[PDB]
Amino acid sequence: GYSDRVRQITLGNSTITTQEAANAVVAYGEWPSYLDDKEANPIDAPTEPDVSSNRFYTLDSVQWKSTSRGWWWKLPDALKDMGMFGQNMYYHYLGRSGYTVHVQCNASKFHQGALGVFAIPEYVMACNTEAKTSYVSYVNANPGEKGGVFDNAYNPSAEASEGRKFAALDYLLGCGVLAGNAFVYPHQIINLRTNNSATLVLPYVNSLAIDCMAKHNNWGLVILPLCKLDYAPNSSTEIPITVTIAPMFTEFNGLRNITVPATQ
Amino acid sequence: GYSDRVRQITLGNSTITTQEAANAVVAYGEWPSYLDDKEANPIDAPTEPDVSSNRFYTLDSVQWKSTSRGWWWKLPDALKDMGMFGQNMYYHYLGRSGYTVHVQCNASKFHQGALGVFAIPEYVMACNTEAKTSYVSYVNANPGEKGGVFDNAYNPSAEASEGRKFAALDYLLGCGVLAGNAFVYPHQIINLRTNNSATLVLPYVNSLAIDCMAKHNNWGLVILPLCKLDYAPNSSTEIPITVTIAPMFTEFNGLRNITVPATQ
Amino acid sequence: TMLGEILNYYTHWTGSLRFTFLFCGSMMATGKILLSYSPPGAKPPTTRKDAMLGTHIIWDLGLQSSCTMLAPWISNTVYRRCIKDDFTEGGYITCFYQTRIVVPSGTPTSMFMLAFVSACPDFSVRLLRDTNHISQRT
Amino acid sequence: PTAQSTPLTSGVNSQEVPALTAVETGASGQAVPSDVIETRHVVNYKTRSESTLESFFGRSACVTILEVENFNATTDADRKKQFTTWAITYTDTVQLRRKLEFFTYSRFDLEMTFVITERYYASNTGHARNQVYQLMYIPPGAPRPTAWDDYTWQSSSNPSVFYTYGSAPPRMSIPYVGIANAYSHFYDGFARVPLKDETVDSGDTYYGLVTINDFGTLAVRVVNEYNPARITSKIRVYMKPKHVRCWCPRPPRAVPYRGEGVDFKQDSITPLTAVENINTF
Amino acid sequence: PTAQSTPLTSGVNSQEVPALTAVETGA
Amino acid sequence: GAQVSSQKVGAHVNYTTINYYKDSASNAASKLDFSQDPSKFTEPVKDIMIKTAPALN
Amino acid sequence: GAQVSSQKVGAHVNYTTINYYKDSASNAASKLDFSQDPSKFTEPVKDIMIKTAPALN
Ligand SMILES: [Ca+2]
Ligand SMILES: [Ca+2]
Ligand SMILES: [Ca+2]
Ligand SMILES: [Ca+2]
Ligand SMILES: [Ca+2]
Ligand SMILES: [Cl-]
Ligand SMILES: [Cl-]
Ligand SMILES: [Cl-]
Ligand SMILES: [Cl-]
Ligand SMILES: [Cl-]
Ligand SMILES: [Cl-]
Ligand SMILES: [Cl-]
Ligand SMILES: [Cl-]
Ligand SMILES: [Cl-]
């Protein structure tokens, strides 16, 4: 009866079902957990918001077209405006979180295409000016739930001031490595003939027990079309990709007034 | 060494000291506590924000003058815009809280005056029109940290629309009972010759285990000058009264999008 | 509904409500649907980004035809009233495309689902009363 | 269990000073006569039996007077006199209300008793056969009658009592029916949160218990069809709280009520009579 | 005999999927 | 032949019944029967369905 | 199922109660409850105050 294709995930007041899964990945074989006393750093009693924040948040959907080059998000950036998770994140200097990432993309038995879904620790990307190095604005690095897109062309700006964004070049994974090697990162593939969803469970990953969520993204989420969307009756068809992410084992330290980041 | 006059209270990252206290009141002899499984109602796993929210918040100070008739606040209304307590309150349908109320008023050995400090369950007050009954706007009932003032005169409005506020008449406690009987409510007195602070620890009080904090104030806080401020060198002198309140054993149910109440 | 008709013989209700959805498109139709319950006191959700902050389930359409969303018992009062009443308001149930429904060619591009409601085992009613759903001329 | 006996005590000359305290603490004075005078032994056999909550509330109190009539009604106004509906409450009268409002919260069963009286409207219209009354409890949501003889009076599910004029006052018990764990005598709040920029009107909304309370409706009719003689009736409704618990005491009402809330009336807020002097025995 | 109590439960990440069913069965 | 039974609890407790009549039809209401088996209506299926398992395997 | 209890004394003494109804709400008045704890209102202080000692030390 039980199947690698059929899964239920419940966190807080939220449940996901899938009937065409392909198992689930636990990044580096490690389930998320709370911070042990023997690895702790800040000494204030932490906030552990539990079900208020540790629940599935669904981002705005994106459209997969035959011409799409791919999509990226950063975490916890993508969830910074999500209910009580966002409030706990911005009221505290420090936060840590694992995640359940659920990527959703259904089609038909007559569609074809394959998405690589990669969870990348410290997903540092190239800037878009050759007048400077490491020259990216906070606003362009932290787009929130809209994330960003890859391009198949690199056109760095004439003026340094116009190039303060990522050069998200697909085949170099936006960071000077070949995209074919992205499989060293925790991943699944959504191959439309096989599966309609990817599930990645991510532990907290950092060189520290806990860090400034508003300064630092622990994970990149990359969705690359490895094989282009094709549908014989309409080559210009679009199918949605929906990203749903639950924080897990969230813990916050250093309560004060709320952080309100710059928007320009 | 230990004295009824000298007290330290620590909640979360916040500490109060007083060197001229008069013991402390525990309303109805009951310390606040979390909601037991055998008295529970909503079935979702509650949020218990602990140190993020269960900490001392200091309101704007008010000025005690020889002509002051008194001050009122409602709880949890007075704390609705206070850090993570306010966020937890408005992100949830349901909340319960106890409080430590610390009222602060120092003067000199040459000043005189006495404040009655009363914690009143279900502090329902009279409206200011005789064209209607029970005719108070949400905005006037819920002033937040600024609270309101008592008057020694009742001047109900000509037009029903102009009288949608409390008739906070001091000697009738704004509710048709004699102020001299307010001592049946949990209270202390700040008598300037004796003490410079009042401390009241309040359990959650309601006919329910948990309720809608945005709809319903569980407690009124009333400060009445029982004996007027007097200072021989300057009868027009003013001394501050500062109100500092810590939520305690806070518990929230029914997470959703944030409540944003009407402001007009 | 059968539940609604029974509730209209009672004044008070308590407990969790079960909403079960049956997708009746073709086998070739795929999709993900968000089903949400938002407890009351905030802006009623009209967008997926507000709905997903409440209690919700992401339903993947597939071989298992049906998905159950719960409105868990989340109330100030121990009972709600079996009338329209601000004090005992229950909140908001909404539904959005999580991705979209996708079909191949030669397949209907519009289709239906059926929504069912039932009470959970935590559910009870009290204070018997006459219903407003039957009457006669005199 | 009795009120306190007085012990035999003589004088003191002591660093023990029970006569002094500090009411700033929120404690009332505690000293008793044996602390400040020489006392004899007095055995106290007296009890506080009659000031228990059950004893204080153990009375049937009139809470309203309803009117119904029986005559040949030819107008809408006269048809509406053939039955009456009343929103069930204790706020139409002042005496039981004031006693309940010593407390914030209560839990009790209710004994309801009715006293029904009639008079002839006129002498020149012959006589009237003995009347039967129906008192129907309509819980919130159940259909309310629009005529004395409509379908609602068949009362398949609503409790009704049929009372025959001249019989013993009718009586029934009601359980604790609150949807909370106690009744609230005071509610510092609203039935709904008005939200930012909503189109719902905030100018004619109410505050407090009146926005949330609903104990249903009592509907009364004379079951008999009209006689030539018009009969007018009064139904007095009595409530006795029994099996009583109460919480969170309050100062009692000091000035006249002017409705269902705590509001007061400008011409009636001077309860004290001024004394001639602070030194008036 | 009472209506059902609610047990203490946390989250899941599982091949157990009680949220999905098939009402075609008549259940 | 008095029957002593538990009352339904109120705000805050046995009661006595004697039957006066030779016909059971004369008796007061039947005692509260909390019997129920919703599954005969909610799950009248031939083959057991385990909630955690797929409904259709 | 008769209850025999002490009467309240008069000028100069048990009485019998049988409950006739299946609902406790139908019952006569609760028995005299002499419970009291005035200190929750008259002395709701955190630190014990001994009458003979100074209120403020
Ligand atoms: Ca004695
Ligand atoms: Ca003393
Ligand atoms: Ca003595
Ligand atoms: Ca149970
Ligand atoms: Ca199943
Ligand atoms: Cl969208
Ligand atoms: Cl965002
Ligand atoms: Cl800015
Ligand atoms: Cl200030
Ligand atoms: Cl405020
Ligand atoms: Cl507004
Ligand atoms: Cl009839
Ligand atoms: Cl007749
Ligand atoms: Cl006098």
# chains A, B, ... in the order shown; residues from 1 in each chain; ligands from 1
$ residues_near_ligand --ligand "ligand 2" --cutoff "10 Å" --atoms "only C-alpha atoms and all ligand atoms" --output "list in words"
residues 16, 17, 18, 19, 20, 21, 22, 29, 30 and 31 of chain D; 49, 50, 51, 52, 53, 54, 55 and 56 of chain G
$ residues_near_ligand --ligand "ligand 1" --cutoff "8 Å" --atoms "only C-alpha atoms and all ligand atoms" --output "MDAnalysis selection string"
chainID D and resid 1:5 43:46
$ interface_residues --of "chain G" --to "chain B" --cutoff "6 Å" --atoms "only C-alpha atoms" --output "tab-separated table (two decimals) with C-alpha atoms, in the first residue's frame"
chain	number	residue	atom	x	y	z
G	40	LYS	CA	-7.53	36.62	49.15
G	44	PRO	CA	-3.44	39.46	48.99
G	45	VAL	CA	0.27	40.22	49.69
G	46	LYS	CA	3.28	38.27	48.32
G	56	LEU	CA	7.29	47.77	56.70
G	57	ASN	CA	10.75	46.65	57.96
$ residues_around --residues "residue 165 (chain A)" --least-positions-apart "5" --cutoff "9 Å" --atoms "only C-alpha atoms" --output "number ranges by chain"
A: 126-129, 135-137, 139-141
$ write_last_selection --atoms "C-alpha atoms" --output "compact mmCIF listing (two decimals), in the first residue's frame"
# COMPACT_ATOMS: atom_id res chain seq x y z
CA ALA A 126 28.77 36.97 -9.23
CA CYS A 127 28.07 40.74 -9.59
CA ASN A 128 27.19 42.38 -12.96
CA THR A 129 30.03 44.97 -13.31
CA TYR A 135 29.66 44.68 -5.83
CA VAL A 136 25.99 43.74 -5.12
CA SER A 137 23.42 45.94 -3.31
CA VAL A 139 18.22 45.15 -2.09
CA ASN A 140 19.29 43.15 -5.23
CA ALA A 141 20.80 40.31 -3.09
$ interface_residues --of "chain D" --to "chain B" --cutoff "7 Å" --atoms "only C-alpha atoms" --output "JSON, numbers by chain"
{"D": [24, 25, 26, 105, 180, 181, 182, 183, 184, 186, 187, 188, 189, 190, 191, 192, 193, 194, 195, 196, 197, 202, 203, 205, 206, 207, 208, 249, 250, 251, 252, 253, 254, 255, 259, 261, 262, 263, 264, 266]}
$ residues_near_ligand --ligand "ligand 12" --cutoff "8 Å" --atoms "only C-alpha atoms and all ligand atoms" --output "ChimeraX atom specification"
/D:149-155,223
$ atom_distance --atom1 "CA of residue 225 (chain D)" --atom2 "CA of residue 72 (chain D)"
8.3 Å
$ residues_around --residues "residue 15 (chain G)" --least-positions-apart "3" --cutoff "12 Å" --atoms "only C-alpha atoms" --output "PyMOL selection string"
chain G and resi 2-9+18
$ residues_around --residues "residue 24 (chain C)" --least-positions-apart "2" --cutoff "9 Å" --atoms "only C-alpha atoms" --output "PyMOL selection string"
chain C and resi 22+26-27+65+111-114
$ residues_near_ligand --ligand "ligand 4" --cutoff "10 Å" --atoms "only C-alpha atoms and all ligand atoms" --output "count of residues only"
8
$ atom_distance --atom1 "CA of residue 10 (chain A)" --atom2 "CA of residue 52 (chain A)"
13.5 Å
$ interface_residues --of "chain F" --to "chain D" --cutoff "9 Å" --atoms "only C-alpha atoms" --output "PyMOL selection string"
chain F and resi 9-12
$ interface_residues --of "chain E" --to "chain A" --cutoff "8 Å" --atoms "only C-alpha atoms" --output "PyMOL selection string"
chain E and resi 10-20
$ residues_near_ligand --ligand "ligand 6" --cutoff "8 Å" --atoms "only C-alpha atoms and all ligand atoms" --output "number ranges by chain"
A: 59-62, 242; C: 48-49, 97-99
$ decode --residues "region 197-229 of chain A" --atoms "N, CA, C and O atoms" --output "PDB file, in the first residue's frame"
ATOM      1  N   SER A 197       6.703  16.687  -7.950  1.00  0.00           N
ATOM      2  CA  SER A 197       7.162  17.415  -6.747  1.00  0.00           C
ATOM      3  C   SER A 197       8.566  16.974  -6.341  1.00  0.00           C
ATOM      4  O   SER A 197       8.977  15.848  -6.679  1.00  0.00           O
ATOM      5  N   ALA A 198       9.263  17.879  -5.665  1.00  0.00           N
ATOM      6  CA  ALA A 198      10.558  17.653  -4.999  1.00  0.00           C
ATOM      7  C   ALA A 198      10.398  18.061  -3.536  1.00  0.00           C
ATOM      8  O   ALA A 198       9.766  19.103  -3.276  1.00  0.00           O
ATOM      9  N   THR A 199      10.930  17.257  -2.623  1.00  0.00           N
ATOM     10  CA  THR A 199      10.929  17.536  -1.170  1.00  0.00           C
ATOM     11  C   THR A 199      12.372  17.450  -0.672  1.00  0.00           C
ATOM     12  O   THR A 199      12.992  16.382  -0.843  1.00  0.00           O
ATOM     13  N   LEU A 200      12.876  18.543  -0.104  1.00  0.00           N
ATOM     14  CA  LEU A 200      14.214  18.618   0.536  1.00  0.00           C
ATOM     15  C   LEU A 200      14.002  19.062   1.983  1.00  0.00           C
ATOM     16  O   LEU A 200      13.388  20.128   2.195  1.00  0.00           O
ATOM     17  N   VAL A 201      14.486  18.272   2.936  1.00  0.00           N
ATOM     18  CA  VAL A 201      14.531  18.659   4.371  1.00  0.00           C
ATOM     19  C   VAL A 201      15.963  19.115   4.655  1.00  0.00           C
ATOM     20  O   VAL A 201      16.896  18.341   4.390  1.00  0.00           O
ATOM     21  N   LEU A 202      16.116  20.353   5.122  1.00  0.00           N
ATOM     22  CA  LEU A 202      17.430  21.021   5.291  1.00  0.00           C
ATOM     23  C   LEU A 202      17.671  21.254   6.773  1.00  0.00           C
ATOM     24  O   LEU A 202      16.857  21.893   7.442  1.00  0.00           O
ATOM     25  N   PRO A 203      18.817  20.799   7.320  1.00  0.00           N
ATOM     26  CA  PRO A 203      19.222  21.210   8.656  1.00  0.00           C
ATOM     27  C   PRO A 203      19.757  22.639   8.542  1.00  0.00           C
ATOM     28  O   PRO A 203      20.044  23.086   7.437  1.00  0.00           O
ATOM     29  N   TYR A 204      19.892  23.326   9.668  1.00  0.00           N
ATOM     30  CA  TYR A 204      20.665  24.585   9.719  1.00  0.00           C
ATOM     31  C   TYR A 204      22.097  24.253   9.293  1.00  0.00           C
ATOM     32  O   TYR A 204      22.660  23.265   9.784  1.00  0.00           O
ATOM     33  N   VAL A 205      22.653  25.036   8.375  1.00  0.00           N
ATOM     34  CA  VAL A 205      24.061  24.874   7.921  1.00  0.00           C
ATOM     35  C   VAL A 205      24.733  26.243   8.011  1.00  0.00           C
ATOM     36  O   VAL A 205      24.202  27.232   7.462  1.00  0.00           O
ATOM     37  N   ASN A 206      25.845  26.293   8.735  1.00  0.00           N
ATOM     38  CA  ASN A 206      26.640  27.523   8.952  1.00  0.00           C
ATOM     39  C   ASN A 206      27.931  27.104   9.659  1.00  0.00           C
ATOM     40  O   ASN A 206      27.995  25.965  10.155  1.00  0.00           O
ATOM     41  N   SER A 207      28.904  28.003   9.721  1.00  0.00           N
ATOM     42  CA  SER A 207      30.149  27.845  10.516  1.00  0.00           C
ATOM     43  C   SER A 207      29.916  28.308  11.963  1.00  0.00           C
ATOM     44  O   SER A 207      30.889  28.319  12.737  1.00  0.00           O
ATOM     45  N   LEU A 208      28.679  28.690  12.300  1.00  0.00           N
ATOM     46  CA  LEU A 208      28.246  29.186  13.633  1.00  0.00           C
ATOM     47  C   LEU A 208      26.984  28.437  14.053  1.00  0.00           C
ATOM     48  O   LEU A 208      26.244  27.967  13.170  1.00  0.00           O
ATOM     49  N   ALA A 209      26.724  28.387  15.355  1.00  0.00           N
ATOM     50  CA  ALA A 209      25.485  27.834  15.940  1.00  0.00           C
ATOM     51  C   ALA A 209      24.285  28.690  15.521  1.00  0.00           C
ATOM     52  O   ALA A 209      23.206  28.137  15.297  1.00  0.00           O
ATOM     53  N   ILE A 210      24.451  30.008  15.447  1.00  0.00           N
ATOM     54  CA  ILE A 210      23.317  30.937  15.181  1.00  0.00           C
ATOM     55  C   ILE A 210      23.891  32.232  14.606  1.00  0.00           C
ATOM     56  O   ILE A 210      25.062  32.538  14.885  1.00  0.00           O
ATOM     57  N   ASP A 211      23.116  32.942  13.790  1.00  0.00           N
ATOM     58  CA  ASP A 211      23.663  34.070  12.999  1.00  0.00           C
ATOM     59  C   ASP A 211      22.572  35.105  12.741  1.00  0.00           C
ATOM     60  O   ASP A 211      21.404  34.875  13.120  1.00  0.00           O
ATOM     61  N   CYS A 212      22.970  36.219  12.133  1.00  0.00           N
ATOM     62  CA  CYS A 212      22.059  37.343  11.813  1.00  0.00           C
ATOM     63  C   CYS A 212      21.345  37.049  10.488  1.00  0.00           C
ATOM     64  O   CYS A 212      21.964  37.220   9.414  1.00  0.00           O
ATOM     65  N   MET A 213      20.088  36.625  10.586  1.00  0.00           N
ATOM     66  CA  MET A 213      19.258  36.241   9.422  1.00  0.00           C
ATOM     67  C   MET A 213      19.099  37.415   8.450  1.00  0.00           C
ATOM     68  O   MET A 213      19.092  37.164   7.237  1.00  0.00           O
ATOM     69  N   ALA A 214      19.002  38.648   8.948  1.00  0.00           N
ATOM     70  CA  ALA A 214      18.823  39.848   8.098  1.00  0.00           C
ATOM     71  C   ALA A 214      20.116  40.177   7.333  1.00  0.00           C
ATOM     72  O   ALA A 214      20.018  40.909   6.343  1.00  0.00           O
ATOM     73  N   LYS A 215      21.283  39.695   7.781  1.00  0.00           N
ATOM     74  CA  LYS A 215      22.599  39.955   7.132  1.00  0.00           C
ATOM     75  C   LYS A 215      22.964  38.814   6.177  1.00  0.00           C
ATOM     76  O   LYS A 215      23.704  39.069   5.213  1.00  0.00           O
ATOM     77  N   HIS A 216      22.536  37.589   6.481  1.00  0.00           N
ATOM     78  CA  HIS A 216      23.180  36.350   5.974  1.00  0.00           C
ATOM     79  C   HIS A 216      22.128  35.312   5.585  1.00  0.00           C
ATOM     80  O   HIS A 216      21.341  34.911   6.454  1.00  0.00           O
ATOM     81  N   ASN A 217      22.144  34.890   4.320  1.00  0.00           N
ATOM     82  CA  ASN A 217      21.330  33.755   3.818  1.00  0.00           C
ATOM     83  C   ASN A 217      22.160  32.474   3.923  1.00  0.00           C
ATOM     84  O   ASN A 217      23.271  32.429   3.374  1.00  0.00           O
ATOM     85  N   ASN A 218      21.621  31.462   4.597  1.00  0.00           N
ATOM     86  CA  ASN A 218      22.316  30.172   4.839  1.00  0.00           C
ATOM     87  C   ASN A 218      22.236  29.291   3.591  1.00  0.00           C
ATOM     88  O   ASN A 218      23.212  28.571   3.319  1.00  0.00           O
ATOM     89  N   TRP A 219      21.112  29.336   2.875  1.00  0.00           N
ATOM     90  CA  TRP A 219      20.823  28.450   1.719  1.00  0.00           C
ATOM     91  C   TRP A 219      20.390  29.269   0.510  1.00  0.00           C
ATOM     92  O   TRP A 219      19.634  30.250   0.675  1.00  0.00           O
ATOM     93  N   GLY A 220      20.822  28.834  -0.668  1.00  0.00           N
ATOM     94  CA  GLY A 220      20.182  29.164  -1.947  1.00  0.00           C
ATOM     95  C   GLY A 220      19.289  28.023  -2.382  1.00  0.00           C
ATOM     96  O   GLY A 220      19.647  26.857  -2.129  1.00  0.00           O
ATOM     97  N   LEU A 221      18.148  28.344  -2.982  1.00  0.00           N
ATOM     98  CA  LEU A 221      17.292  27.363  -3.678  1.00  0.00           C
ATOM     99  C   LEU A 221      17.380  27.681  -5.168  1.00  0.00           C
ATOM    100  O   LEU A 221      17.017  28.807  -5.551  1.00  0.00           O
ATOM    101  N   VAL A 222      17.869  26.732  -5.960  1.00  0.00           N
ATOM    102  CA  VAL A 222      18.038  26.895  -7.427  1.00  0.00           C
ATOM    103  C   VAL A 222      17.124  25.887  -8.116  1.00  0.00           C
ATOM    104  O   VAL A 222      17.153  24.697  -7.749  1.00  0.00           O
ATOM    105  N   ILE A 223      16.325  26.366  -9.066  1.00  0.00           N
ATOM    106  CA  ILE A 223      15.522  25.508  -9.976  1.00  0.00           C
ATOM    107  C   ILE A 223      15.998  25.804 -11.395  1.00  0.00           C
ATOM    108  O   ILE A 223      15.806  26.950 -11.852  1.00  0.00           O
ATOM    109  N   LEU A 224      16.654  24.828 -12.025  1.00  0.00           N
ATOM    110  CA  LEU A 224      17.192  24.931 -13.405  1.00  0.00           C
ATOM    111  C   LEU A 224      16.443  23.950 -14.291  1.00  0.00           C
ATOM    112  O   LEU A 224      16.403  22.762 -13.978  1.00  0.00           O
ATOM    113  N   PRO A 225      15.892  24.393 -15.442  1.00  0.00           N
ATOM    114  CA  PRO A 225      15.406  23.463 -16.457  1.00  0.00           C
ATOM    115  C   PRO A 225      16.615  22.744 -17.068  1.00  0.00           C
ATOM    116  O   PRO A 225      17.361  23.348 -17.791  1.00  0.00           O
ATOM    117  N   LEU A 226      16.804  21.478 -16.722  1.00  0.00           N
ATOM    118  CA  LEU A 226      17.897  20.642 -17.276  1.00  0.00           C
ATOM    119  C   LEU A 226      17.498  20.210 -18.688  1.00  0.00           C
ATOM    120  O   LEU A 226      18.366  20.169 -19.562  1.00  0.00           O
ATOM    121  N   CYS A 227      16.224  19.871 -18.878  1.00  0.00           N
ATOM    122  CA  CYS A 227      15.609  19.585 -20.197  1.00  0.00           C
ATOM    123  C   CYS A 227      14.404  20.506 -20.357  1.00  0.00           C
ATOM    124  O   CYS A 227      13.539  20.529 -19.450  1.00  0.00           O
ATOM    125  N   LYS A 228      14.348  21.231 -21.471  1.00  0.00           N
ATOM    126  CA  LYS A 228      13.356  22.306 -21.675  1.00  0.00           C
ATOM    127  C   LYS A 228      11.947  21.705 -21.657  1.00  0.00           C
ATOM    128  O   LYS A 228      11.769  20.529 -22.053  1.00  0.00           O
ATOM    129  N   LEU A 229      10.988  22.500 -21.197  1.00  0.00           N
ATOM    130  CA  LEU A 229       9.549  22.179 -21.291  1.00  0.00           C
ATOM    131  C   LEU A 229       9.198  22.008 -22.768  1.00  0.00           C
ATOM    132  O   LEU A 229       9.545  22.889 -23.569  1.00  0.00           O
TER     133      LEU A 229
END
